[PDB]
Structures are given as C-alpha cells and as structure tokens.
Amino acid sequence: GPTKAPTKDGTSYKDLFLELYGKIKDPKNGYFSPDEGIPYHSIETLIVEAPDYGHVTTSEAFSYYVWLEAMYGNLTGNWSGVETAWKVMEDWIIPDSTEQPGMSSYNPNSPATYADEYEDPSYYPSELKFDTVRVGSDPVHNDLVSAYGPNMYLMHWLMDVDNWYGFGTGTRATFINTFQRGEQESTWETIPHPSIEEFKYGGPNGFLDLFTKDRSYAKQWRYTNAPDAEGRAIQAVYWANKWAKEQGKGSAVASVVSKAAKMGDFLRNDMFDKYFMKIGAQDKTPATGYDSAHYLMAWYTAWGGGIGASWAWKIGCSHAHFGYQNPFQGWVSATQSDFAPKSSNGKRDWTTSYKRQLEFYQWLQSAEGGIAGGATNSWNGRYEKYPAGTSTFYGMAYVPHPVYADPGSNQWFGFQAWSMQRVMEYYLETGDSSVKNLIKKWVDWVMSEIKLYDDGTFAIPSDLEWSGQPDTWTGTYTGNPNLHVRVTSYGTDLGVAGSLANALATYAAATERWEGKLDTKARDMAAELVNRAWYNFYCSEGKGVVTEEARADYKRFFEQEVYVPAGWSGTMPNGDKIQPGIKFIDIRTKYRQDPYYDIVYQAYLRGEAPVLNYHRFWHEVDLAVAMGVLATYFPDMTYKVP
C-alpha cells in the first residue's frame, strides 16, 4: 500500500509531473499492454466498478492517455507521444471500415427499431417493435457521410485487451460490452458479451435473446460510445495544438488535430433522442428535423449492423448527465479554425451545442453550489408523461440520477470535478461572463467541503445526496432555493483529488487573466490537494501513487444473482454455465486464479470488507495533469511536504 513521498521540498511541479509521467510510461510498471501499448483500466486485474475486470481498456483510459502526452509535450518539447497515443487509439479502439460491414446500408429515415427500457433486469429481453412505433429521422447522417464516408469515427467504450473473457481468437484484443438491461443493472448484474456476435458462444442465438427479443436472430456487430471520453480527447488535442504552436512545433500534431476534428463532428450523434423523438413530446412523436436534438452529450450513441446480409441501425440517447457535458470541447469545434468540422453543418450545430450545455450546468446548480444530475426526454425509458410538478429544461424532465440508480449515477462526487474542470477551461479561454456566477458558486461550495488536516492528510467529498428540483429553466438562473446537495461521506480518492486540483488551478489562472485580481485561495488549494495526494499515497515500489480502499461492495462477487430468463441456457468460452441462479463469479470463473481472489474471498467468509491497493490508469493521469497545470500557469510554485 501507500507510504510517504521522500520528495525534497522545492521540487517544481514540472519535475513532479515528469517523475509521475516516467512511472506511468515505464514498461516494467505494467500500465499498458505489452504487445500493443493499450492502456489498461488498472495494473490490478481484480477490480469491479464501471468495467468489471482490470485488464479491459476503456475509451476513457485512452482519452487520459492522450491528455498525458499533451501535457508531456508542453513541458518537454517532445510531441511524438501524442501521435503514438492517437495511433494506438485508431489501431484498436475505433472500429475501422472492416469492423462496421455494410454501415453504408444505414437509413436516415428509419434509423432504428424502437424498444422499451424497463426498471429491472428481470423484464429483459426487451421486445423490438416494428409494429406500432414510428421512429424519427436522422438529420445529421447525410452531411457526416458527405464529408467522411459511410463509417462512424467514434471510440467503442470497452475492449478486452488480452481476451480474458475468451470471446476472441487466441489472445487478441476483442470488443465486448456489458450493460444492456436498464437502470437497475449495475456492474454486478451484467452478462459480458462480444460486440461482434458470431454465435460462437453463449446460447443458440449467442447472447442476443438475453437482451433484445426479435422475431428472428442473425449474426451482427454493435458498438457504443461514451462521449465524455471523446470530449476529453479533443479537449486534450486543443491543448496539444496550442502548446505545440507556442514552441513552433505545430506540424508534430497537425494530423492528430485533423482526426480530433473529425471525431468532434461525429459526437453530434450524441446530441439526439434515442429514437429521434421530438424533444419535450412526452410521447413517441417522431421528429423530422433538428426537433429531436437536445444538443447535450447524452449517455451514449450506439450503432450496428448485420454480419451476413447488409443492414444497419443507429441510436442516440434520451438521457443526459451533467457529468458528461464538455462545453469546452463544444467550443473548440464550434469556433477554432484548426478544429473546424469538414461537414457543412457541424460548426453551426456545435455553436448551438456548447451554449446549450453551458445553460444545462446553470439550470442544474443546487442552492449550495454542486451540480445536480440531469434530464431525460424519455421518462422511465418509455417516453411516458412526466409526473405532475416536474421541472423541465427545454422540454426535458429533471432526473437526479440519469440512467442508473444502483448506485444513483449522481452520488459520485467525481463528476463534479471532471465536469466543472471543462467549464473552467472554457472560462480560461473565453472570459465568458455569463458563466462567472456558476463557476464562483461551485468553487465556494467545493472550498467549503475540502478538509485539510494539520497532519498533512486531506479528505474530499465522496458521496452526495440530493433532494428537491431545480426551478424550470427560463433562460436565467433562479438560485434553485429548493434544490439541495448534502455530502454524506468523504475519502481520499486520488483521481478525483487530481481532477479537482486541476479545476481549482485552472479557475485561478482564469481569474488572473480576466478579473481584477488572482484568486489566491483557489490556487493554494490546488497546490494543497496535489501536495497531499502525492505525499500521502506515494508508491515506494516506483509505480506512482497508490490507493488504499475498503471495498465492502466486493461481497457481491459471491452474493449477487445475475438474472437469466427461465429456460435460457448457454456457456462462456471456458465452460462456465450461463443459467438461472448464477452469481457474478459463476460466469467469471477465471477470477478464482487471480492473485487477489483468496484475499477477497477470505474477507467474504469472515464477513468483512477486503482492503485493496489500486493503481488505476486515470487516477495517475488526473494527478499528473494537475501537476502539469500548476507547472503551466504557476511556474514558480513548488512542492513542499504538507
């Protein structure tokens, strides 16, 4: 576990970042795959939260990988890493032409076939309804195609890097997916499956009839993006471009800038209702134009087609979470010459989008200052009428916990830092005035909740509890006196601490550039967080920083039942039997050979939470980048033991 950093007082944040960078990139540490250089979720394999295995990769991890190299370039002058990062990304996690066969057959007038979402995984599979549901049109596909070709240039969210699930050939990296079955399907209640479905495993129809009930079943591929990964990546490329041109080295990143621009154009797919229904309809009214556009970054876009015969479909998402917005990236593609969309309409849509997102944050801001969850255009996932007294935002209903309820998707304080960091960069770069009150109220709140201790430790909010509703959006912030957030627990999360330090340093930099004076308190708090995360969680084996966490939730390894429909039967690539009655561990039987299996299992027997040490990729990067931000805007600042 953790031991104190030996670091000398007066070490520059530049030098600290260079130390952490070195450790993240050292092949002996094992942050990246040995064969292809893909960044794993974490060094440890036994870990369950969003991904359910440590040696998956996620598009998230890649976005952080790009961010890290951007900062490296800034501090160092060597830009090759940014190119390498983006190469690995397109070689592996972006589906190429050969992996989206006959996407060319996609029809904008009939994007997809409607299906309900339900409040429990037991209700699934969900029935596809070519019957009685007319679906809206896709107003974006044509001008995307016209600029780019038939294919989708987005990152699929999840990939099994060393094929630990077995769905793939030999040891190759394989697209996989998990979440399918509505709001009550946590990480613990899923059935992992390949994205390219060849019936090679599972039941007779592979895994399909587990999730979506069709009249007939055929071999198909499907993908899902998590747009916050794309936002982060393009955001990183903006900085890579800016910093590189300052050095007279813009040519080293021009191709990546171009790819990032394209990527940004495609994120437009994330702006529409799941089935292109009218925003605010409270009904399954198909939409014709941009009437289906909420103009926010929804939870996903997903698309697929047949492997055999050629056909295709695409969905947006009706659900929107504040934690997924990126008004900064929005603003980059809307206004910045080098990131101008090739499409004829992208610049205009993005211009609408970023402003629209900036209003979202404002609408969601509780009376205390933290940002509430979000909003939906399809109540209970089936476009029902909104309950009486439901406050709205351009027609969408307020939801405290968009998409997931176990745990509620806005319980995690991490989103506050992640999401408002972007708003800070936006204020840094525009001096936009309309956003000043949002930012200050949020900073005030966060400053009131950070705990510093005289022994040099720290604590930050971990879990949030929400009550009430925002007032209905009128174009203007009311103060939401009846929307409340309460911090219910605190911890020592290293990525979240890095992320929040970034936000405070960036904000501080922004007050210097645009306001009467530098916000000295925000700047100093950024430095405290970084000092304390590094001093207190240093890894003496040289792997960077390292967490120590009681994972009570790990009892679900052995206690959680995974719904399988009665009568359904099938097998994982290693024989593990998929049938009604199974627990998490039953379909992930290889876990028993994990170095940390004994430890978590013995803690199960004795009825106690096991204690884990984790080096997550993104924890290390969020901390490193925070250091790099201090190095960039406050180059005289200098580490000291806290």
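Residue numbers here begin at 1 and follow the sequence given.
Q: Report the stretch with the higher mean CA temperature factor, choosing between 391-399 and 323-331 on the basis of the entry.
A: Here the higher of the two C-alpha B-factor means belongs to 391-399.
Q: Which is higher on mean Cα B factor in this entry, 341-349 or 499-507?
A: Here the higher of the two C-alpha B-factor means belongs to 341-349.
Q: Of the options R232, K284, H294, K355, which has the highest CA B factor as deposited?
A: Answer, based on the entry's C-alpha B-factors: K284.
Q: Going by the deposited entry, which of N377, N107, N531, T520 has the highest CA temperature factor?
A: It is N107.
Q: Sorting the chain's CA B-factors, does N574 end up in the lowest, middle or highest third?
A: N574: CA B-factor falls in the highest third of its chain.
Q: By the recorded C-alpha temperature factor, relative to the other modelled residues in its chain, which third is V545 in?
A: Middle third.
Q: Taking only the Cα B-factors deposited for this chain, tell me whether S63 sits in the lowest, middle or highest third.
A: Its C-alpha B-factor belongs to the lowest third of this chain's values.
Q: What third of its chain's C-alpha B-factors does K28 belong to: lowest, middle or highest?
A: Answer is middle: the recorded C-alpha B-factor places it there.
Q: C-alpha B factor of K436, ranked within the chain: lowest, middle or highest third?
A: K436: CA B-factor falls in the middle third of its chain.
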